[PDB]
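Report on the structure given below.
2 protein chains.
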Amino acid sequence: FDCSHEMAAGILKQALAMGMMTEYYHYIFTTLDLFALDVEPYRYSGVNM
Amino acid sequence: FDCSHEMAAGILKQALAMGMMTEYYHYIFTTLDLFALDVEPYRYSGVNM
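Going down the list, the protein sequences come from chains D and B. Number 245 marks the last residue of the first sequence (the authors' numbering); no jumps. Number 245 marks the last residue of the second sequence (the authors' numbering); no jumps.
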């Protein structure tokens, strides 16, 4: 995902809704502000970010 | 799931967290108050309830 960290926070929520935050998916983020993302909703799921 | 509808609301949240609300899972509910459950978090996911 090449996009701002605000876009990235938004697209992750949609990805969860879509059954795409699981061990099958690996997401590389272009943003340097990745560390700013609330990651509480996703760390238990097994996705790779 | 044989349990009260309040238990069922609770166990569904845990099932979501666990990557178990998807098209692979089919849940039959014993409770007659199934229709009382907030189903907004789950209807887009493809689970069968």
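No residue lacks a Cβ here, since even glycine has one placed at the ideal position from N, Cα and C.
Nearest-angstrom Cα separation, counted from residue j out to residue i
i, j, result
"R239/B", "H222/B", "13 Å"
"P237/B", "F225/D", "26 Å"
"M217/B", "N244/B", "8 Å"
"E202/B", "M214/B", "19 Å"
"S200/D", "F197/B", "43 Å"
"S241/D", "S241/B", "15 Å"
"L212/B", "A204/D", "21 Å"
"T227/B", "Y220/B", "22 Å"
Quiz item: Is it true that the segment 215–231 of chain D meets the segment 204–212 of chain B, where meeting means three or more beta-carbon pairs spaced less than 8 Å apart?
Solution: Output reads no: the segment 204–212 of chain B does not touch the segment 215–231 of chain D.
Quiz item: Closer than 7 Å, Cβ to any Cβ of chain B: which residues of the segment 202–222 of chain D, in chain order?
Solution: Correct list: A213, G215, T218.
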